[PDB]
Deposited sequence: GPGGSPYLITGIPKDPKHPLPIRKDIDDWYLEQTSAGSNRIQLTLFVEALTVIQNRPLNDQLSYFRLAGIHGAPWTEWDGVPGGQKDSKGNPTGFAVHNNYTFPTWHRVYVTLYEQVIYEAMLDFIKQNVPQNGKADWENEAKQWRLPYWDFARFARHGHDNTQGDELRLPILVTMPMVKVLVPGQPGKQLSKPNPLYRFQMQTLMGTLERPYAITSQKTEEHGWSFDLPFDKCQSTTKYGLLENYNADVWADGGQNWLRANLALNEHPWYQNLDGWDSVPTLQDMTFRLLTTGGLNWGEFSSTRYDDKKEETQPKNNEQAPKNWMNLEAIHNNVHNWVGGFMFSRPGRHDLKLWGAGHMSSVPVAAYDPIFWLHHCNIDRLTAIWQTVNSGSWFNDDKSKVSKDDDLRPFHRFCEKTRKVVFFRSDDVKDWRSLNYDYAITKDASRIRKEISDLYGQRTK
């Protein structure tokens, strides 16, 4: 029940600071002969359970994704129905403020924690007694993988492309049947998409997902998210029959094309060059002399040239994954036509890739902190936001339950996870160059 305290996965002394791994490396390991495949099985089975929980269960997938934006309801006893300065419905998520990274740090941890708890439930109910200890130890080693949107994907060893995760592009995934070596079962992949049993605009009150406004070429459109049963990447196009919109597909080739063509939304007039997504990410991590406000948010901003802040890169990756053009564009942009959930703040968190993208945004924040350790909400602009309550997330302090604040998560290790790149801090500048340097 409530309040639901967010702590990260509990500490076990024989599992010191387990790491959140690159989801492609993790998937390739899990599906190799030298792995027991238990973590993949647990993630798939737990996330499937979470997705199938009912709407009145605040730890259902729908309700956890609902924290971020639409349908703008309460969560954990904290009221929804909030409004923007524009007068428009808004959710709990922070955007365009210096608490963007820290709000999302807690959010990603909540998701990881709920998954872990569901893994433990799965083990109790499905694993032979003599195997539970082994399966429990795998749950305790597991952490939410990140999608490294700036790292070139692996392409074999006998022959330079950014890609959506392997596992995100698979409609089905094979998992273990506990206690039955050699037998796998192919199941719908809960990372491929999220769908409800009806169009999301018809869910029981107060949960219905509405259409969402967007502006394209100086014109307002309604992105028809109310007419979707499933999340989609690029599958919503104007003047297509609404039965296509019900499930417009996971058009991952178009997402990959966008990641590698990097159509930045910003005006890059006077820039020395147009950086790729990997080079922009490299510059984020290596440009010296920046304060926390400049790194963290679009709020700080006439803007700097030849590098981009964390939130601005994140914004572009969202558009490129989900699809950002509903109406038919000009001839040269037809190759990227189509709209989908990840491009729209009110509904992006319904696409399971949301959490993997935000896991890497958390990683980029941790890396930047590591090489800029004296820069934390302590310039004239960002200092005012430092003690904002990160609603709706509760923690125990006092002997009182209170809202999270940014200082509580400055050290991400207090939430009992780490990243390989930040664990080995001595190698960090070399690793940044190896991964993202041109």
- Regions of the deposited sequence not represented in the model: 1 to 3, 163 to 165, 308 to 319, 416 to 417, 459 to 461
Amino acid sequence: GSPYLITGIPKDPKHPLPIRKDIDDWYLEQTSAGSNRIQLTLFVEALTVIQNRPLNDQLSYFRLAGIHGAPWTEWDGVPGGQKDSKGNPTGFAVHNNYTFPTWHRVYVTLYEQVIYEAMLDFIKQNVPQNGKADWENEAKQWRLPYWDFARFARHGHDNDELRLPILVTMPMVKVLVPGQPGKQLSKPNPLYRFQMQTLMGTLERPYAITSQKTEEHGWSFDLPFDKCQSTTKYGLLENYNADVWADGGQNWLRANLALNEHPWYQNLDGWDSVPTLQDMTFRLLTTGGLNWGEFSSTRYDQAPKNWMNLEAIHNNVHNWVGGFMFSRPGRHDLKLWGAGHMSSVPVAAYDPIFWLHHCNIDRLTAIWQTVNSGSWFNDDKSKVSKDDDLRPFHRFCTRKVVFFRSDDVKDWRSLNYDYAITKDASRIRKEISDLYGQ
From here on, numbers count along this sequence of modelled residues.
- Do at least a third of the other entries of this protein fail to model residue 398? yes
- Is residue 303 unresolved, in the sense of carrying no coordinates, in at least a third of the other compared entries? yes
- Message: When the Cα temperature factors in the entry are averaged, is it 169 to 177 or 348 to 356 that ends up higher?
- Response: 169 to 177
- Between 222 to 230 and 122 to 130, name whichever shows the higher mean Cα B factor according to the PDB entry. 122 to 130
- Query: According to the deposited entry, which of 238, 269, 279, 243 has the largest Cα B-factor?
  - Reply: 269
- Highest-ranked of 47, 65, 409, 371 once sorted by CA temperature factor in the record: 371
- Quick tally, chain-level thirds of C-alpha B-factors: residue 56 sits in the highest
- Task: Pull the Cα B-factor of residue 151 out of the PDB entry and bin it into the chain's lowest, middle or highest third.
- Result: lowest
- What third of the chain, by the recorded C-alpha B-factor, contains residue 69? lowest
- Message: When the deposited Cα B-factors of this chain's modelled residues are ordered and cut into thirds, is residue 418 in the lowest, the middle or the highest one?
- Response: middle
- Chain third (lowest, middle, highest) by recorded CA B-factor, residue given as residue 9: middle
